[PDB]
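Protein chains in written order, with full-length UniProt numbering: chain W, 102 to 151; chain S, 102 to 151.
Below is one structure, written out as C-alpha cells; comments come after it.
Number of protein chains: 2
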Amino acid sequence: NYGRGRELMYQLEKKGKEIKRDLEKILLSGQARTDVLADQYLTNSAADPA
Amino acid sequence: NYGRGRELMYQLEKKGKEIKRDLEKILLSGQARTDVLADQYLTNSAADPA
C-alpha cells in the first residue's frame, strides 16, 4: 500500500480501541439490566431452574 | 430417696438415651422431608421471601 501497513493488525488495533470506547460508554450510561434468570433457591443452593 | 440418687440426673440420662433411641427410630422411618421452602436456590430470579 501507500499509507496503510496491513489489513489485520491495523484493523485489530482499531477494534481494540473501539471495544475500549464501547466499555467506557456502557459503564457510565443507562445500559439497563436485562436478565432471564429469576433465581429463587439461591443462598448456598446454586442451580438453574428447569 | 432410699433407693436412688437425685431425680434430675437420673431423668437427664434417661432422656439423653431416649433421644438417641428416637433418632435411630427416625432414621429408619420413611418421612417425606416435610419443610417450608420451595427449592428456589439456583434461579436467583425467584426466592420465597414470605
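For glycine and all other residues, C-beta sits at the position ideal for the given N, C-alpha and C.
Query: Proximal residues of chain S, C-beta to C-beta of W:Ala139 below 8 Å; Result: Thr144, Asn145, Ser146, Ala147
Query: Distance between S:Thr144 and W:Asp136 (C-alpha atoms, nearest Å); Result: 11 Å
Query: Residues near S:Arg122 in its chain [Cβ-Cβ closer than 8 Å; skip 5 each side]; Result: none
Query: Pair within 9 Å by beta-carbon distance, W:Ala139 and S:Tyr142; Result: no
Query: Below-9 Å beta-carbon distance, W:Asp136 vs any chain S residue; Result: yes
Query: From S:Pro150, S:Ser146, S:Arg134, residue whose alpha carbon lies closest to that of W:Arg134; Result: S:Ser146
Query: Close beta carbons around W:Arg105, own chain, < 7 Å, minus the five adjacent residues each side; Result: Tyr111
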